[PDB]
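The chains referred to below are lettered A, B, ... by the order of the sequence lines, with proteins before strands, and numbering in each begins at 1. Just so you know, these numbers use all the heavy atoms, side chains as well, and skip hydrogens, waters and symmetry mates. Order of listing sets the numbers, starting from 1, for every ligand and every atom in it.
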Protein chains: 2
Amino acid sequence: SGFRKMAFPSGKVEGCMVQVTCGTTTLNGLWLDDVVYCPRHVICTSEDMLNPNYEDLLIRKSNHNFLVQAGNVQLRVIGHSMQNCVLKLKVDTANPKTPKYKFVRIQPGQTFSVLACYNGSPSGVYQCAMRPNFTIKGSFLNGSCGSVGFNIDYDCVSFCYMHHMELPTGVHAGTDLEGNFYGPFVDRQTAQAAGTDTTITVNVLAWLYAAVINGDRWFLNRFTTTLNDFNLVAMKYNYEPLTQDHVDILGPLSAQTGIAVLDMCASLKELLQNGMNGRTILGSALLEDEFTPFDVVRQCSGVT
Amino acid sequence: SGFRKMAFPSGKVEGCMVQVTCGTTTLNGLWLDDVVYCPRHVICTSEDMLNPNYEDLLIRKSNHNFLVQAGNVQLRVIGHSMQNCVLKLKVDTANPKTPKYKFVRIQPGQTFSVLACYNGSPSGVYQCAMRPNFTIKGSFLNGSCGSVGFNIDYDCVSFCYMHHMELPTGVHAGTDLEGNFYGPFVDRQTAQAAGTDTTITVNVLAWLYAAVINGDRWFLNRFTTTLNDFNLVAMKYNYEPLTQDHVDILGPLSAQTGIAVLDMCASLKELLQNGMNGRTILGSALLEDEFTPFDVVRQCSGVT
Ligand SMILES: N#Cc1ccc(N2CCCOCC2)cn1
Ligand SMILES: N#Cc1ccc(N2CCCOCC2)cn1
């Protein structure tokens with residue numbers, strides 16, 4: 001029993017983190033096979049970041065200008081290339097700790113673990129969601145760029161995020177491991193405002209199921225609703241529209257608890273309209289949206 | 001910027017987790033040097049757990065009855081002994097992945113990371129606090145016993161918790177790595193009720209400092225208070241008394257922010273008396289108490 005915001009065990013990723021230095025800029029790289037992946041802005045000064053021309057900046061860089069350190073041992077850079085917003089540094093040694101891995105581009109509402117790193121050294125692990133506005137709400141200080149987000153399925157790490165930038169609102173933006181930003185963000189120090197941070201409705205419902213499984217049941221009511229009726233309320237409260245695909249994804253939790261998805265929607269509707277009245281659900285005073293239906297099943301079933 | 005509930009990177013601990021089986025009971029063990037540490041209730045059936053005599057049960061057990069598996073490789077048990085509520089299984093092989101480590105017995109209010117495991121395999125990592133009633137609010141299913149709690153200082157793991165039991169209220173109890181329960185709990189399936197789960201005041205204040213550092217400042221008011229005045233309010237709200245030792249520990253956060261500790265206490269006092277009025281602090285609708293002053297400095301400074 002109990003339900004926690006749980007990250008994946010970080011060891012397989014810790015084994016991949018390196019330090020990348022270009023001139024006076026140090027950040028983190030991801031060492032998989034004989035390639036080190038890092039944000040391309042490693043080549044920028046803070047001055048450069050106001051209006052950088054990455055192709056032009058990169059012309060002035062040679063393999064030997066990229067200092068790659070794995071623990072206290074230096075890696076030999078034998079090639080470099082830019083792919084979108086990441087650099088790929090080819091090194092002469094395959095990472096002996098390379099796990100089974102994939103690169104995946106996640107959808108908004110999907111959760112992942114972040115291994116926050118500085119100077120190639122892990123500092124902490126926490127759980128994030130890709131927000132519907134394609135920001136994440138992370139914990140990243142200067143030096144944390146190149147820290148990565150991942151999921152694990154048994155022994156395969158799926159890398160989905162690399163940390164690039166903080167917006168003036170203190171929310172975070174980054175790329176997949178092909179170097180494509182999530183959302184409209186760019187690796188430039190300019191006016192980039194996030195859109196509406198809507199609530200991930202399917203995740204709230206999952207978490208309400210988690211609450212029922214773990215004994216928090218006070219919010220269950222006598223009502224039901226329809227997708228269209230629920231969605232009128234969702235819209236009013238800046239919740240994502242609930243689709244039949246979302247209903248289908250909650251089916252296993254519905255089956256386990258015997259609470260019809262539309263009945264849980266009617267519980268959520270009353271919580272949106274009435275608030276918590278000073279009560280808590282799974283130790284939270286607000287409706288938590290950074291657990292996916294898959295997360296809730298995983299944690300409630302003890303998957304390793 | 002940003003402030004997250006962050007666990008320590010779990011890799012050093014993942015490298016220590018094994019499976020222990022005695023008869024039909026499987027749980028987790030901690031493999032450090034040539035000793036595997038696990039809950040003594042590994043020797044119990046569910047029937048035994050109602051009124052177990054561990055010394056009597058252990059007489060019927062030999063080294064070969066303790067099946068210890070590290071990944072898919074079996075360890076040879078060459079000795080066993082009971083220390084308080086843990087068994088120490090001596091194996092013929094030192095764990096080659098043994099990190100620098102210590103065993104520490106933490107005080108209530110101290111935080112730590114839990115690596116939740118099943119069958120010796122890591123499933124997730126999350127941050128806990130030792131509650132003032134010596135319970136923790138974890139996420140543990142059957143098979144999770146022997147999962148451990150730890151802190152890391154650079155390259156030294158300090159192990160502070162081993163998971164033993166869930167109370168009927170769905171809160172958790174366990175031991176330090178000398179096998180001594182935190183609080184009054186016993187490894188028996190009996191009536192064990194937790195006392196008052198008071199709020200860890202020094203941790204709330206730390207987190208309010210974290211909020212100020214990270215731009216959440218709406219709750220700062222024009223007031224101050226005294227320890228005695230604050231403590232009258234703390235008592236009324238089931239907060240731990242604030243001591244001068246706590247004030248001293250918040251000194252660095254006070255210095256960094258320029259907000260006198262007693263001024264932050266007066267902010268907390270108004271939040272206790274007035275509530276949040278539907279506002280949030282660092283994404284929370286309640287006052288968070290599972291960050292220590294050390295946690296806040298660590299996360300706000302990027303310690304690795
Ligand atoms: N947000 C953001 C941000 C700010 C500065 C920055 N630069 C390159 C990497 C670090 O070196 C200093 C300049 C990158 N990203
Ligand atoms: N809370 C609790 C609890 C419940 C059962 C239990 N036993 C020994 C280990 C697992 O085997 C089944 C019996 C131990 N702890």
For ligand 2, the portion of B:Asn142 having any non-hydrogen atom under 4.0 Å away: neither

For ligand 2, the portion of B:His164 having any non-hydrogen atom under 4.0 Å away: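 For B:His164, the contact with ligand 2 is made by the backbone alone.
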
Sub-4.0 Å atoms of ligand 2 with respect to non-hydrogen atoms of B:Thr25: 9 (C), 10 (C), 11 (O)

Where ligand 2 meets B:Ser46 - atom numbers and elements under 4.0 angstrom, heavy-atom basis: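 Here the atoms of ligand 2 in question are 13 (C).
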
Parallel, tilted or perpendicular: rings of B:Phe66 and B:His80 (30°, 60°):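 B:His80 and B:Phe66: tilted rings.
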
A:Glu166-ligand 1 polar pair, N/O distance under 3.5 Å: yes

Sub-4.0 Å protein heavy atom near atom 4 (C) of ligand 2: no

Do you see a donor-acceptor pair shorter than 3.5 Å between the side chains of [X] and [Y]?
{"X": "B:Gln127", "Y": "B:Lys5", "value": "no"}
{"X": "A:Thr21", "Y": "A:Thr26", "value": "yes"}
{"X": "B:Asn133", "Y": "B:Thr135", "value": "yes"}

Of B:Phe103, B:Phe159, B:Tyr161, the residue whose pairing with B:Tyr37 passes ring-ring contact (aromatic ring centres under 6.0 Å, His included):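 The residue from B:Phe103, B:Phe159, B:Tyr161 that satisfies ring-ring contact (aromatic ring centres under 6.0 Å, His included) with B:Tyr37 turns out to be B:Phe103.
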
Contact with ligand 2 for B:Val42, non-hydrogen, under 4.0 angstrom: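 No heavy atom of B:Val42 comes that close to ligand 2.
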
B:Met49 to ligand 2, any heavy atom closer than 4.0 Å: yes

Closest candidate by heavy atom, reference atom 15 (N) of ligand 2, pool B:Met165, B:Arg40, B:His41: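 Looking at heavy atoms only, B:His41 sits closest to atom 15 (N) of ligand 2.
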
Atom indices of ligand 1, in the order listed, that fall short of 4.0 Å to a heavy atom of A:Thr45: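 Near A:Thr45, the atoms of ligand 1 are 13 (C).
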
Positive for side-chain hydrogen bond (donor to acceptor under 3.5 Å, both in side chains) with A:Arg105, one of A:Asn180, A:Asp176, A:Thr175: A:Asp176

B:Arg131/B:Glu290 ion pair, N-O < 4.0 Å: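 Counted as a salt bridge, because a side-chain N and a carboxylate O are separated by less than 4.0 Å.
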
